[PDB]
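J.: The structure's right below; bear with me while I get my questions together.
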Amino acid sequence: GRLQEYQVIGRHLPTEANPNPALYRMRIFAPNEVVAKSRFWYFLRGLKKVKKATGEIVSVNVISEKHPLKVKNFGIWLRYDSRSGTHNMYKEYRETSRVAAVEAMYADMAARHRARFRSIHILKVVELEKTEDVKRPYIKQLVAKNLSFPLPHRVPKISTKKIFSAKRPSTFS
Amino acid sequence: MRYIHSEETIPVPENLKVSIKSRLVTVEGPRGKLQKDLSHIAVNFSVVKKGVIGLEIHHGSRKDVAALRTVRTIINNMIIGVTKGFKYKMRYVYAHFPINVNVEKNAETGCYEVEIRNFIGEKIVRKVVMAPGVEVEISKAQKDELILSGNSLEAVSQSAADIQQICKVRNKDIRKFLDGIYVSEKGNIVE
Amino acid sequence: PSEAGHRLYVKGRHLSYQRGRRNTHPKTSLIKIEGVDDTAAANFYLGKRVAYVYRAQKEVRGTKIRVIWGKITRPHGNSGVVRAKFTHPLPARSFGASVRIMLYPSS
Amino acid sequence: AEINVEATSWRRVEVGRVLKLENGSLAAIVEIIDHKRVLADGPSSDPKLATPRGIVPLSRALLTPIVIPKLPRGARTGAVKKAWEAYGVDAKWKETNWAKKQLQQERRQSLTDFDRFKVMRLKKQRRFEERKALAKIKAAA
Amino acid sequence: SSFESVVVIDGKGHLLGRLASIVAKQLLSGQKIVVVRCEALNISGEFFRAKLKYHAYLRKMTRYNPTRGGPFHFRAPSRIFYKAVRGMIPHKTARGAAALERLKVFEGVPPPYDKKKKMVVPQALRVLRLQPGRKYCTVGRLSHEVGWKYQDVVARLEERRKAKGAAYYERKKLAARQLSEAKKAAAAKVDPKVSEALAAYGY
Amino acid sequence: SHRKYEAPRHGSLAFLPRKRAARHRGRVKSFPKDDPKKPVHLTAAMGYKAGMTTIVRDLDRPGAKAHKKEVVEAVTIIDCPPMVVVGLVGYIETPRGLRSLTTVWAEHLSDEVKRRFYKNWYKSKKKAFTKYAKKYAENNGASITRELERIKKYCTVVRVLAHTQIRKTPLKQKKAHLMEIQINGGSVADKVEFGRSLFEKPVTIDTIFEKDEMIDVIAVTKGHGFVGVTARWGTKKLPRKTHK
RNA sequence: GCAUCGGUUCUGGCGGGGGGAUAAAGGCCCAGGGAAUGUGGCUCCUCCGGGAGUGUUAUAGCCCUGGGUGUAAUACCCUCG
RNA sequence: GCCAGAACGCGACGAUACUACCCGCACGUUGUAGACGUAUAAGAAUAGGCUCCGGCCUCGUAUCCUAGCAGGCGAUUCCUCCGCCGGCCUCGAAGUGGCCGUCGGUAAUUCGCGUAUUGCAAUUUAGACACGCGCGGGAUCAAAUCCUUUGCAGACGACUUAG
Ligand SMILES: [Mg+2]
Ligand SMILES: [Mg+2]
Ligand SMILES: [Mg+2]
Ligand SMILES: [Mg+2]
Ligand SMILES: [Mg+2]
Ligand SMILES: [Mg+2]
Ligand SMILES: [Mg+2]
Ligand SMILES: [Mg+2]
Ligand SMILES: [Mg+2]
Ligand SMILES: [Mg+2]
Ligand SMILES: [Mg+2]
Ligand SMILES: [Mg+2]
Ligand SMILES: [Mg+2]
Ligand SMILES: [Mg+2]
Ligand SMILES: [Mg+2]
Ligand SMILES: [Mg+2]
Ligand SMILES: [Mg+2]
Ligand SMILES: [Mg+2]
């Protein structure tokens with residue numbers, strides 16, 4: 001959907017035997033902070049013996065892109081469920097922010113592999129600092145020197161209410 | 001995965017002229033003229049240098065790019081045919097019954113006609129008419145040869161295949177009955 | 001001399017009633033005004049008056065032509081069609097006829 | 001070796017090429033993201049032509065014949081403005097046929113009812129002198 | 001939108017099913033439509049696909065009596081287009097029957113409907129809808145392999161009217177050339193101040 | 001369940017609508033394909049049927065059993081008095097078929113043809129072509145020569161109107177029969193010129209046909225009133241002990 | 001039919017206030033450090049457009065860290081008219 | 001090729017008494033799936049086109065027409081635009097357009113008289129197709145069925161013939 005990145009911090013409820021428990025922090029992509037907390041309890045239930053009934057939320061914040069006007073390449077590590085078994089992949093994207101890559105990845109996996117949102121786990125997102133660490137060949141072509149290309153056969157835009165044109169259109173925009 | 005730029009080039013020798021208009025190619029040289037229509041393929045033609053023709057495809061798929069090399073060699077074949085021609089040879093293969101042919105001359109039109117008699121001792125006289133621009137000759141170099149020559153590879157080759165496909169044995173083991181006429185060599189008229 | 005015409009109204013067509021998929025309500029109608037495309041342009045004609053004129057057979061008070069009066073109520077859809085309400089529901093045989101849209105309550 | 005080719009030639013999507021957005025705005029391309037999106041901005045003194053910095057889809061843009069030479073790839077807003085004024089982009093675009101057509105349109109949507117009557121009477125006066133010359137040439141044949 | 005008395009549509013280059021949807025809506029609104037050159041329409045997909053679709057159509061016929069009730073398979077290009085439109089109109093009611101009376105279809109250009117302006121529907125043009133590289137066919141060819149008999153007659157007549165129109169173009173070209181010289185000659189000589197007054201108004 | 005033993009169907013569905021013919025005179029539906037390199041010639045004739053008889057001749061069919069031996073064959077005789085040409089017609093090609101646009105008649109018509117246009121000729125006034133005849137000898141027949149010029153310009157096929165002389169047969173009937181015969185020839189100008197020169201003249205059958213030529217015969221068969229299935233289609237009769 | 005009001009409701013435009021990294025960016029200015037899809041120079045090849053190499057701002061510019069102008073502007077969320 | 005021929009699909013021709021047919025204008029009982037500027041003819045390509053050969057093309061957001069009592073009466077002015085008739089050419093896919101000529105009308109410029117009262121809105125009863133009528137002009141003077149008869153036909157009608 002339309003996402004944005006959060007950080008959320010949780011804690012086991014303090015007790016007389018264990019005052020000052022440990023603190024855990026995650027980065028979660030979610031449409032809003034109501035479901036940002038819900039995903040935190042889901043991921044934490046698979047790593048530590050903590051529930052929502054016996055825990056509490058310390059802080060939730062919003063992380064914004066540092067340079068949302070610079071183009072950069074990203075790489076994503078993820079796991080998902082197929083119709084039989086689980087698998088690991090690693091894909092790449094080219095855009096300006098961290099948030100849109102997760103948006104692009106979710107739409108990409110839904111089309112090529114029929115994978116829904118229910119069955120995708122995000123492991124790590126890292127911005128590729130150099131240019132020789134780009135692996136996939138559909139991004140290597142977009143970083144070639146002196147890139148330029150034309151746009152042949154592009155349909156002109158005509159109002160959808162204007163029927164019965166009086167002359168033949170042209171496709172040389 | 002769509003490829004941004006795929007390009008090929010065709011050199012042109014300093015003997016002939018070529019003109020392209022609305023994806024219709026006309027090649028004219030010392031030995032004649034040929035035309036081909038390529039309106040079914042989306043290709044962009046251009047003049048790279050003083051004697052080099054370039055062609056390319058933008059934002060094409062894997063299937064679309066495949067046709068790019070097919071177009072290049074077809075046009076190159078046209079250039080070769082108008083300056084060097086083509087030449088095919090055929091041989092007669094029989095065990096007992098000799099095969100007799102009669103390449104009669106032009107039949108009031110440019111077409112040649114070939115008559116084949118006494119195939120495996122049959123009473124059919126079977127007749128095939130060649131495409132225009134193709135001339136059929138009986139060789140004098142050695143025995144049992146048919147020589148086909150012309151300007152266009154497509155017409156010469158298809159007509160040669162017409163002769164081979166007409167001499168067929170039916171209801172017999174074809175590993176034993178090797179009777180027929182077969183093509184044996186392909187080349188140009190010059191050199 | 002004076003070759004110009006005499007027109008002070010905008011022409012429209014009577015399309016159909018207001019309906020679901022199997023039920024129709026003759027109380028209100030739908031009218032397509034000529035030259036209006038979006039719902040922003042259709043806001044200009046809210047509250048105007050529309051007329052439907054037709055030919056009868058008998059003469060009553062010096063004429064053979066009757067009129068039914070109505071006015072525009074609200075826009076309809078995203079294509080500039082509008083709703084209208086008349087003193088009597090339209091004759092239901094005029095699906096494709098023409099109506100006149102005035103400009104009386106101006107500005 | 002005569003070669004004659006009659007084929008089309010489009011305008012390239014390069015760096016320094018200036019687009020024309022839908023609402024009459026100009027932007028210079030500084031970075032190519034995909035085959036569908038680019039990063040562009042236009043620093044213009046005229047508030048009508050100026051546009052902010054951001055990403056623009058290529059399906060809502062038109063390619064104008066103006067191209068800025070030697071624009072470094074990925075330049076900042078400050079460096080783009082220096083080349084924008086040096087090349088005289090604002091003056092170059094004003095004299096194109098696309099600009100004149102837009103200006104000729106704008107004068108027409110703003111016409112008073114009294115002014116619409118005025119242009120009808122003036123057209124007839126010019127139309128009268130046209131038919132006099134047309135008949136003279138047609139008669140000569 | 002606009003209301004004309006009658007509109008004439010040139011059929012060459014239009015997809016069969018997309019043009020019929022636009023037409024069927026206009027007829028029920030109150031418009032009058034005339035479709036010309038129905039033999040030059042188009043269908044998406046390879047020709048062999050269309051032929052198999054029609055052959056399956058030909059197999060339907062009433063069993064106990066083929067002279068009544070059975071689907072009658074018309075073979076003309078105008079009749080194929082007419083069948084497509086008839087499926088998008090409630091033709092079993094008086095309102096639907098009246099709508100169909102506002103439609104006329106022909107092969108070629110009959111004498112009443114040449115010397116007329118022919119419109120184009122841009123939401124059904126092939127060059128603006130189909131993806132380059134795909135395959136299409138022509139309705140005219142499909143009618144040939146099902147029993148249409150007057151293909152060559154229409155081809156000959158169309159060559160005659162296009163030759164007549166070539167001479168009409170020469171007269172039209174001459175008239176425009178003469179009108180241009182009049183405007184250049186008249187405007188300079190006479191009008192002292194009407195020019196810039198008109199120019200500031202956008203004319 | 002399936003049919004026990006197989007057998008072909010009775011009758012044919014090609015000649016299916018078994019109703020009385022619409023018209024007594026036989027109707028020709030197609031003519032031989034035109035060839036513009038042959039000389040102009042007619043392609044049909046029409047006569048009355050007399051009877052049959054027997055002939056004897058010797059056979060020339062090499063390799064046969066009866067080669068060079070006498071055979072006995074049956075033949076049929078057709079009475080054929082000469083026909084008279086009356087007029088000609090022209091057709092044009094349209095996207096809906098063929099249609100006729102003009103026709104011209106001869107100046108004088110016999111009383112045989114005029115009987116055809118009436119159902120009670122005896123008490124009529126016999127004014128069939130009286131006003132049409134005045135088109136001749138009026139402006140030197142300008143109206144007639146105008147239509148002939150039209151056919152030379154717009155038409156593609158030309159036919160001729162002819163009738164029989166039934167008065168030269170032992171028949172009681174006095175009403176003649178009329179039909180159209182197509183002219184297959186070199187050119188449309190040649191077709192009309194040849195056709196126009198034959199007005200009110202007789203033509204004999206020896207000019208149309210010639211010996212040992214293969215022809216076709218069109219007519220209406222002998223009638224029977226109203227018959228059951230056994231004779232009409234030819235089905236097997238039911239056993240002798242069948243009720244009803 | 002119009003003007004002035006009452007009940008219900010749909011739909012446009014304008015002026016303010018609060019919050020978050022007291023938005024993040026961004027423009028101009030100051031200090032330090034880097035690199036390549038290496039600008040200008042310099043070397044070589046190609047005259048046939050140009051290509052290859054060297055090397056850190058010069059006759060183009062970009063990236064990273066800290067500070068000033070700042071309680072900057074704007075987006076999103078909430079709220080008084 | 002061959003068989004049937006839509007009984008609500010179409011064309012050519014013959015003779016047409018009774019005003020049924022043709023021409024002129026005169027009104028209007030009467031009809032209609034719906035006039036209100038009902039104004040616009042190249043062909044062809046769309047990974048190419050148009051042209052006045054100088055150039056032009058995302059865009060019909062265009063072009064033509066458009067003032068006066070529902071549009072009067074005169075004048076100063078101006079050779080434009082429109083219409084009814086007539087004669088020569090032309091048009092066959094379901095036959096159309098062009099040229100010439102006589103006559104009637106006419107703000108491109110600038111003025112003089114007339115408009116009220118329909119009373120503060122109420123269709124602006126105005127278009128062209130048919131059809132029924134009324135005059136006064138022209139041309140025209142026909143057939144079909146029953147009945148008697150035939151057997152190339154037949155349950156009865158119908159069909160092929162004769163009077
Ligand atoms: Mg064997
Ligand atoms: Mg069947
Ligand atoms: Mg029926
Ligand atoms: Mg059984
Ligand atoms: Mg009998
Ligand atoms: Mg039998
Ligand atoms: Mg019994
Ligand atoms: Mg209120
Ligand atoms: Mg604020
Ligand atoms: Mg260097
Ligand atoms: Mg900083
Ligand atoms: Mg500060
Ligand atoms: Mg701050
Ligand atoms: Mg602030
Ligand atoms: Mg019939
Ligand atoms: Mg009477
Ligand atoms: Mg006059
Ligand atoms: Mg009278």
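Letters A, B, ... go to the chains of the structure tokens in the order shown; residues in each chain start at 1; ligands are counted from 1 in the same order.
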When the cut-off is 7 Å and you count only C-alpha atoms (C1' of nucleotides) and all ligand atoms, which residues lie near ligand 15, shown as number ranges by chain?
T.: H: 5-7
J.: Which residues, written as a PyMOL selection string, have at least one atom at most 12 Å from stretch 53-58 of chain E, with only C-alpha atoms (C1' of nucleotides) counted and residues fewer than 6 positions away on the same chain left out?
T.: chain E and resi 43+45-47+70-75+80+139+142-143+145-147
J.: List every residue of chain B that has an atom at most 12 Å from any atom of chain A, and for each one report the closest atom pair and its distance in Å to one decimal, counting only C-alpha atoms, with rows sorted by chain and then by increasing residue number, as CSV.
T.:
```
residue,atom,partner,partner_atom,distance
B:1,CA,A:138,CA,6.7
B:2,CA,A:138,CA,8.4
B:3,CA,A:141,CA,8.3
B:4,CA,A:149,CA,7.5
B:5,CA,A:149,CA,7.9
B:6,CA,A:149,CA,11.4
B:42,CA,A:152,CA,10.3
B:43,CA,A:152,CA,10.8
B:44,CA,A:152,CA,9.9
B:56,CA,A:149,CA,11.7
B:57,CA,A:152,CA,10.0
B:58,CA,A:150,CA,7.7
B:59,CA,A:151,CA,8.7
B:60,CA,A:152,CA,11.3
```
J.: Show me, as JSON, numbers by chain, every residue of chain B with an atom at most 10 Å from chain G, counting only C-alpha atoms (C1' of nucleotides).
T.: {"B": [48, 49, 50]}
J.: Please save N, CA, C and O atoms of the selected residues as a PDB file, in the first residue's frame.
T.:
```pdb
ATOM      1  N   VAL B  48      24.344   5.239 -41.127  1.00  0.00           N
ATOM      2  CA  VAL B  48      25.377   5.437 -40.116  1.00  0.00           C
ATOM      3  C   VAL B  48      26.538   6.247 -40.681  1.00  0.00           C
ATOM      4  O   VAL B  48      26.981   7.230 -40.078  1.00  0.00           O
ATOM      5  N   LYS B  49      27.041   5.855 -41.849  1.00  0.00           N
ATOM      6  CA  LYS B  49      28.214   6.489 -42.436  1.00  0.00           C
ATOM      7  C   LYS B  49      28.001   6.600 -43.941  1.00  0.00           C
ATOM      8  O   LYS B  49      26.890   6.419 -44.447  1.00  0.00           O
ATOM      9  N   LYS B  50      29.084   6.897 -44.660  1.00  0.00           N
ATOM     10  CA  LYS B  50      28.987   7.112 -46.099  1.00  0.00           C
ATOM     11  C   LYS B  50      28.588   5.845 -46.845  1.00  0.00           C
ATOM     12  O   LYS B  50      27.985   5.929 -47.920  1.00  0.00           O
TER      13      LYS B  50
END
```
J.: Could you give me the residues within 9 Å of ligand 3, counting only C-alpha atoms (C1' of nucleotides) and all ligand atoms, as number ranges by chain?
T.: E: 67-69; H: 6
J.: How would the residues just chosen look if you wrote them out with N, CA, C and O atoms (P, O5', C5', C4', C3', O3' and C1' of nucleotides) as a PDB file, in the first residue's frame?
T.:
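Result file is out18.pdb:
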```pdb
ATOM      1  N   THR E  67     -35.943 -24.051 -41.891  1.00  0.00           N
ATOM      2  CA  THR E  67     -36.489 -22.864 -42.530  1.00  0.00           C
ATOM      3  C   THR E  67     -37.128 -21.894 -41.548  1.00  0.00           C
ATOM      4  O   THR E  67     -37.519 -20.797 -41.957  1.00  0.00           O
ATOM      5  N   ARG E  68     -37.249 -22.264 -40.276  1.00  0.00           N
ATOM      6  CA  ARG E  68     -37.885 -21.412 -39.284  1.00  0.00           C
ATOM      7  C   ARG E  68     -37.086 -21.435 -37.992  1.00  0.00           C
ATOM      8  O   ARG E  68     -36.533 -22.470 -37.614  1.00  0.00           O
ATOM      9  N   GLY E  69     -37.010 -20.285 -37.333  1.00  0.00           N
ATOM     10  CA  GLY E  69     -36.472 -20.199 -35.991  1.00  0.00           C
ATOM     11  C   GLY E  69     -34.968 -20.321 -35.871  1.00  0.00           C
ATOM     12  O   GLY E  69     -34.380 -19.829 -34.907  1.00  0.00           O
TER      13      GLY E  69
ATOM     14  P     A H   6     -41.296 -15.755 -51.935  1.00  0.00           P
ATOM     15  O5'   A H   6     -40.815 -15.090 -50.576  1.00  0.00           O
ATOM     16  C5'   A H   6     -40.860 -15.810 -49.349  1.00  0.00           C
ATOM     17  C4'   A H   6     -40.302 -14.995 -48.210  1.00  0.00           C
ATOM     18  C3'   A H   6     -40.957 -13.635 -48.003  1.00  0.00           C
ATOM     19  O3'   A H   6     -40.932 -13.305 -46.618  1.00  0.00           O
ATOM     20  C1'   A H   6     -38.669 -13.340 -48.527  1.00  0.00           C
TER      21        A H   6
END
```
J.: So which residues touch residue B:30 within 10 Å, counting only C-alpha atoms (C1' of nucleotides), skipping near sequence neighbours fewer than 2 positions away, as a list in words?
T.: residues 15, 16, 17, 28, 32, 33, 82, 83 and 84 of chain B
J.: Quick one: distance from atom CA of residue A:157 to atom CA of residue E:202 in Å, one decimal?
T.: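 Spanning atom CA of residue A:157 to atom CA of residue E:202 is a straight-line distance of 25.6 Å.
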J.: In terms of the shortest atom-to-atom distance over only C-alpha atoms (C1' of nucleotides) and all ligand atoms, which of H:48, H:105, H:78, H:133 is closest to ligand 18?
T.: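 Using only C-alpha atoms (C1' of nucleotides) and all ligand atoms, ligand 18 sits closest to H:133.
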J.: Neighbouring residues of residue D:135 were defined as those with any atom within 12 Å, considering only C-alpha atoms (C1' of nucleotides); residues of the same chain fewer than 4 positions away were excluded. Please report them as a PyMOL selection string.
T.: (chain D and resi 128-131+139-141) or (chain E and resi 178-179+181-182+186) or (chain H and resi 79-80)
J.: How would the residues just chosen look if you wrote them out with C-alpha atoms (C1' of nucleotides) as a PDB file, in the first residue's frame?
T.:
```pdb
ATOM      1  CA  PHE D 128     -14.952  43.063 -47.600  1.00  0.00           C
ATOM      2  CA  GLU D 129     -11.541  43.937 -49.032  1.00  0.00           C
ATOM      3  CA  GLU D 130     -10.663  40.253 -49.434  1.00  0.00           C
ATOM      4  CA  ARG D 131     -13.538  39.474 -51.802  1.00  0.00           C
ATOM      5  CA  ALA D 139     -11.528  36.948 -63.346  1.00  0.00           C
ATOM      6  CA  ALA D 140      -8.001  37.240 -64.748  1.00  0.00           C
ATOM      7  CA  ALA D 141      -7.523  33.465 -64.337  1.00  0.00           C
TER       8      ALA D 141
ATOM      9  CA  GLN E 178      -5.704  31.627 -55.046  1.00  0.00           C
ATOM     10  CA  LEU E 179      -7.214  32.534 -51.669  1.00  0.00           C
ATOM     11  CA  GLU E 181      -2.642  35.456 -52.627  1.00  0.00           C
ATOM     12  CA  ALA E 182      -5.781  37.522 -52.027  1.00  0.00           C
ATOM     13  CA  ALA E 186      -5.558  42.797 -49.685  1.00  0.00           C
TER      14      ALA E 186
ATOM     15  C1'   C H  79     -20.344  46.199 -57.123  1.00  0.00           C
ATOM     16  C1'   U H  80     -20.156  42.552 -52.827  1.00  0.00           C
TER      17        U H  80
END
```
J.: Could you pull out the residues sitting within 12 Å of ligand 10, using only C-alpha atoms (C1' of nucleotides) and all ligand atoms, and write them as number ranges by chain?
T.: G: 38-43, 51-55
J.: Determine which residues of stretch 3-33 of chain C DSSP labels as strand (DSSP E or B) from the backbone of this structure, then write them out as number ranges by chain.
T.: C: 10-19, 24-33
J.: Could the residues in this selection be written to a file with N, CA, C and O atoms, as a short mmCIF file (atom, residue, chain, number, x, y, z; two decimals), in the first residue's frame?
T.:
```cif
data_model
loop_
_atom_site.label_atom_id
_atom_site.label_comp_id
_atom_site.auth_asym_id
_atom_site.auth_seq_id
_atom_site.Cartn_x
_atom_site.Cartn_y
_atom_site.Cartn_z
N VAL C 10 -30.22 26.51 -23.81
CA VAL C 10 -29.29 25.43 -24.11
C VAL C 10 -30.09 24.15 -24.26
O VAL C 10 -30.99 23.86 -23.46
N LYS C 11 -29.77 23.37 -25.30
CA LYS C 11 -30.53 22.18 -25.64
C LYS C 11 -30.01 20.96 -24.91
O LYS C 11 -28.80 20.80 -24.72
N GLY C 12 -30.94 20.09 -24.49
CA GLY C 12 -30.58 18.87 -23.80
C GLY C 12 -31.45 17.72 -24.26
O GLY C 12 -32.43 17.91 -24.98
N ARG C 13 -31.07 16.52 -23.82
CA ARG C 13 -31.78 15.29 -24.18
C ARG C 13 -32.26 14.58 -22.92
O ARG C 13 -31.60 14.62 -21.88
N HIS C 14 -33.41 13.93 -23.03
CA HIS C 14 -33.97 13.15 -21.94
C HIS C 14 -33.51 11.71 -22.10
O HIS C 14 -33.88 11.03 -23.06
N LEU C 15 -32.70 11.24 -21.15
CA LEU C 15 -32.07 9.93 -21.29
C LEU C 15 -32.93 8.80 -20.73
O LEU C 15 -33.33 7.90 -21.47
N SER C 16 -33.24 8.85 -19.44
CA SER C 16 -33.99 7.77 -18.80
C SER C 16 -34.48 8.28 -17.45
O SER C 16 -34.36 9.47 -17.13
N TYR C 17 -35.04 7.37 -16.66
CA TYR C 17 -35.48 7.66 -15.31
C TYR C 17 -34.31 7.45 -14.35
O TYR C 17 -33.17 7.21 -14.77
N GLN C 18 -34.57 7.52 -13.06
CA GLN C 18 -33.61 7.13 -12.04
C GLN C 18 -33.91 5.69 -11.63
O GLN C 18 -35.05 5.37 -11.28
N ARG C 19 -32.89 4.84 -11.68
CA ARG C 19 -33.13 3.41 -11.59
C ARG C 19 -31.95 2.72 -10.92
O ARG C 19 -30.84 3.26 -10.86
N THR C 24 -37.17 1.09 -11.44
CA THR C 24 -37.11 2.46 -11.93
C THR C 24 -38.03 3.34 -11.09
O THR C 24 -39.06 2.89 -10.59
N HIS C 25 -37.63 4.60 -10.93
CA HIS C 25 -38.40 5.57 -10.15
C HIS C 25 -38.75 6.77 -11.01
O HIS C 25 -37.88 7.62 -11.28
N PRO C 26 -40.00 6.89 -11.47
CA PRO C 26 -40.36 7.99 -12.37
C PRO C 26 -40.37 9.36 -11.71
O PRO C 26 -40.65 10.35 -12.40
N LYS C 27 -40.07 9.46 -10.42
CA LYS C 27 -40.13 10.75 -9.74
C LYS C 27 -39.12 11.74 -10.31
O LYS C 27 -39.44 12.91 -10.52
N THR C 28 -37.90 11.28 -10.56
CA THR C 28 -36.84 12.15 -11.06
C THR C 28 -36.23 11.54 -12.32
O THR C 28 -36.29 10.33 -12.53
N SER C 29 -35.65 12.40 -13.15
CA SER C 29 -35.13 12.02 -14.45
C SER C 29 -33.65 12.38 -14.55
O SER C 29 -33.08 13.01 -13.67
N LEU C 30 -33.04 11.95 -15.65
CA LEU C 30 -31.66 12.27 -15.98
C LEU C 30 -31.62 12.97 -17.32
O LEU C 30 -32.25 12.52 -18.28
N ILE C 31 -30.88 14.08 -17.39
CA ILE C 31 -30.80 14.90 -18.59
C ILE C 31 -29.34 15.17 -18.91
O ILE C 31 -28.56 15.52 -18.03
N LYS C 32 -28.98 15.00 -20.18
CA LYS C 32 -27.63 15.28 -20.66
C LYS C 32 -27.63 16.64 -21.34
O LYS C 32 -28.28 16.83 -22.37
N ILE C 33 -26.90 17.59 -20.76
CA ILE C 33 -26.79 18.93 -21.32
C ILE C 33 -25.66 18.94 -22.34
O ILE C 33 -24.63 18.29 -22.15
#
```
J.: Using only C-alpha atoms (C1' of nucleotides), which residues sit within 12 Å of residue C:96 once same-chain residues fewer than 2 positions away are excluded, as a PyMOL selection string?
T.: (chain C and resi 12-17+30-32+90-94+98-99) or (chain E and resi 3+25-32+95-96+98-99+102) or (chain H and resi 33-34)
J.: Taking only C-alpha atoms (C1' of nucleotides) into account, which residues of chain G are within 12 Å of chain A, as a list in words?
T.: residues 20, 21, 23, 24, 25, 26, 35, 36, 37, 62, 63, 64, 76 and 77 of chain G
